[PDB]
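Student: Shown below is the structure under consideration.
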Number of protein chains: 2
Amino acid sequence: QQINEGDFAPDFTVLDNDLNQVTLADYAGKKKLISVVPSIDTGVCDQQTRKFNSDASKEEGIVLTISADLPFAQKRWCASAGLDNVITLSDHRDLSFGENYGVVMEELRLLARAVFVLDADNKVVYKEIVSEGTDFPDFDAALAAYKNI
Amino acid sequence: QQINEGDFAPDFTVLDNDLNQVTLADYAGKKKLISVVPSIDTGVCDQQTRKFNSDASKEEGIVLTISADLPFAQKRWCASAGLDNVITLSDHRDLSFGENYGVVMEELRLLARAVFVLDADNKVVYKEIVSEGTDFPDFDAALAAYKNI
């Protein structure tokens, strides 16, 4: 479905690294920067995940990384990066998040590179679906929208 | 839906680590030991993959590891293991292999731990689906069936 800035963000069901079900309500009351990647096991998506996590204030809100990687890959990625403060969530089972946010690459069954910023009421205050041929998402614009809440 | 010993091996379409499509015909004329795992990023499935690849003679035939891991996870796994001869194939897009061979855990969208041994005519000469609550596949029985072809 198509996400528009100003709308309230739809809910979704994804899996954390321990296979617990996670929904948007698990981060109630917080602003969210949602960084969506095709796979954390590719270099550009690795860099995108690290930069949003290091540059966003995590005492201010939450940075979620969502992909169709299996939970097992996301857990192993965090361990190899040596990072215990990074949230990774897996949309592999149902593409609940991908379908609700309009970011499924259907022929690949992977999620498109994308960034959403939600305020603490889950109003969508920023959206980028990264265009083809673009090197990286606009980190600064997304970080500014997240910081401005 | 159900493959039994004495049945013929179904076709499948899966992805190699470079996202090329791979089918049963790519292994024509060889016998096959097909090791199916929920995820190569879990220690038990890592052990199962290493054991079948080390113990099976690879110039009598082919050892295939098939799972719903993304190709990127399988590619990284082979690189980090320093294992450039180990074939891993991803069923993530379609569950083509899992559905054809009756080994999808539908509630998880992961493949059940299982072993199929195919002779060079693609007769299934041995099959095990590891029951829940059993520690490991019967490596010795599967390897003996493969050696005896």
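Identifiers in this document derive from the order of the structure tokens: chains are assigned A, B, ..., residues are numbered from 1 separately in each chain, and ligands are numbered from 1 in order of occurrence.
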Need to verify the contact set: residue 74 of chain A, 9 Å, only C-alpha atoms, exclusion of same-chain residues closer than 6 positions in sequence. Can you return it as a PyMOL selection string?
Tutor: chain A and resi 16-17+40-41+67+88-90
Student: Keeping N, CA and C atoms, export the residues of the selection given above as a PDB file, in the first residue's frame.
Tutor:
ATOM      1  N   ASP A  16      11.932 -10.645  16.050  1.00  0.00           N
ATOM      2  CA  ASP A  16      13.242 -10.183  16.502  1.00  0.00           C
ATOM      3  C   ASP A  16      14.233 -11.330  16.432  1.00  0.00           C
ATOM      4  N   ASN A  17      15.471 -11.085  16.894  1.00  0.00           N
ATOM      5  CA  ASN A  17      16.531 -12.080  16.657  1.00  0.00           C
ATOM      6  C   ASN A  17      16.304 -13.354  17.445  1.00  0.00           C
ATOM      7  N   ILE A  40      21.047  -7.186   5.011  1.00  0.00           N
ATOM      8  CA  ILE A  40      22.161  -6.687   5.810  1.00  0.00           C
ATOM      9  C   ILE A  40      23.463  -7.358   5.466  1.00  0.00           C
ATOM     10  N   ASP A  41      23.391  -8.462   4.707  1.00  0.00           N
ATOM     11  CA  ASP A  41      24.556  -9.164   4.257  1.00  0.00           C
ATOM     12  C   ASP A  41      25.137  -8.597   2.953  1.00  0.00           C
ATOM     13  N   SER A  67      14.369  -6.077   7.322  1.00  0.00           N
ATOM     14  CA  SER A  67      14.725  -6.694   6.040  1.00  0.00           C
ATOM     15  C   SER A  67      14.070  -8.074   6.006  1.00  0.00           C
ATOM     16  N   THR A  88      17.558  -5.190  14.933  1.00  0.00           N
ATOM     17  CA  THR A  88      17.267  -5.721  13.600  1.00  0.00           C
ATOM     18  C   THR A  88      16.022  -6.614  13.717  1.00  0.00           C
ATOM     19  N   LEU A  89      15.115  -6.474  12.741  1.00  0.00           N
ATOM     20  CA  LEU A  89      13.851  -7.210  12.764  1.00  0.00           C
ATOM     21  C   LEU A  89      13.641  -7.815  11.390  1.00  0.00           C
ATOM     22  N   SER A  90      13.096  -9.031  11.391  1.00  0.00           N
ATOM     23  CA  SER A  90      12.967  -9.822  10.162  1.00  0.00           C
ATOM     24  C   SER A  90      11.509  -9.867   9.702  1.00  0.00           C
TER      25      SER A  90
END
Student: When the cut-off is 9 Å and we count only C-alpha atoms, which residues of chain B are near chain A, given as a compact mmCIF listing (two decimals) with C-alpha atoms, in the first residue's frame?
Tutor:
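Once everything was written out, this is selection12.txt:
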# COMPACT_ATOMS: atom_id res chain seq x y z
CA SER B 39 19.12 -22.10 8.52
CA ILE B 40 22.86 -22.38 8.03
CA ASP B 41 23.21 -19.52 10.55
CA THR B 42 22.32 -21.85 13.41
CA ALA B 68 15.40 -20.66 3.07
CA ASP B 69 18.42 -18.50 4.04
CA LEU B 70 18.83 -15.59 1.63
CA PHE B 72 23.58 -13.40 0.68
CA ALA B 73 23.69 -15.30 4.00
CA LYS B 75 27.50 -16.63 0.31
CA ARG B 76 28.86 -15.03 3.49
CA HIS B 92 13.81 -18.30 -0.17
CA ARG B 93 11.94 -16.80 -3.13
CA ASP B 94 9.30 -19.45 -3.95
CA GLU B 107 4.04 -21.98 10.32
CA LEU B 108 7.71 -20.74 10.20
CA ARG B 109 8.33 -20.42 6.43
CA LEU B 110 11.54 -22.41 7.02
Student: Report, in Å with one decimal, the straight-line distance from atom CA of residue 113 of chain A to atom CA of residue 130 of chain A.
Tutor: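 A separation of 5.6 Å between them.
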Student: What separation in Å, quoted to one decimal, exists between atom CA of residue 34 of chain A and atom CA of residue 65 of chain A?
Tutor: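 Computed distance, atom CA of residue 34 of chain A to atom CA of residue 65 of chain A, equals 6.0 Å.
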Student: Find the residues near residue 102 of chain B: any atom within 9 Å, counting only C-alpha atoms, skip ones fewer than 5 places away on the same chain, and give them as number ranges by chain.
Tutor: B: 1-3, 97
Student: What is the atom CA of residue 140 of chain A-atom CA of residue 33 of chain A distance in Å, reported with one decimal?
Tutor: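 Separation between atom CA of residue 140 of chain A and atom CA of residue 33 of chain A: 12.3 Å.
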Student: Just want the 10 Å neighbourhood of residue 32 of chain A, counted on only C-alpha atoms, with same-chain residues fewer than 3 positions away dropped. Output as a PyMOL selection string.
Tutor: chain A and resi 24+27-29+35+58+60-64+116-124+146
Student: What does the file look like for those residues with C-alpha atoms, as a short mmCIF file (atom, residue, chain, number, x, y, z; two decimals), in the first residue's frame?
Tutor:
data_model
loop_
_atom_site.label_atom_id
_atom_site.label_comp_id
_atom_site.auth_asym_id
_atom_site.auth_seq_id
_atom_site.Cartn_x
_atom_site.Cartn_y
_atom_site.Cartn_z
CA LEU A 24 4.88 -1.17 16.24
CA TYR A 27 8.03 0.87 20.66
CA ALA A 28 5.08 2.88 21.91
CA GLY A 29 5.76 6.47 22.88
CA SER A 35 15.74 1.85 7.82
CA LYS A 58 19.19 6.54 20.88
CA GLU A 60 15.76 10.24 21.90
CA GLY A 61 14.00 7.41 20.02
CA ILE A 62 14.56 4.05 18.32
CA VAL A 63 16.37 3.09 15.06
CA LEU A 64 14.75 -0.02 13.51
CA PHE A 116 10.66 6.20 7.16
CA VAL A 117 10.65 8.51 10.17
CA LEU A 118 7.71 8.29 12.56
CA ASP A 119 7.07 10.74 15.35
CA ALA A 120 6.13 9.50 18.84
CA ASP A 121 2.46 9.34 17.69
CA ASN A 122 3.50 7.26 14.63
CA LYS A 123 2.75 10.08 12.23
CA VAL A 124 4.99 9.65 9.18
CA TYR A 146 14.16 12.41 13.36
#
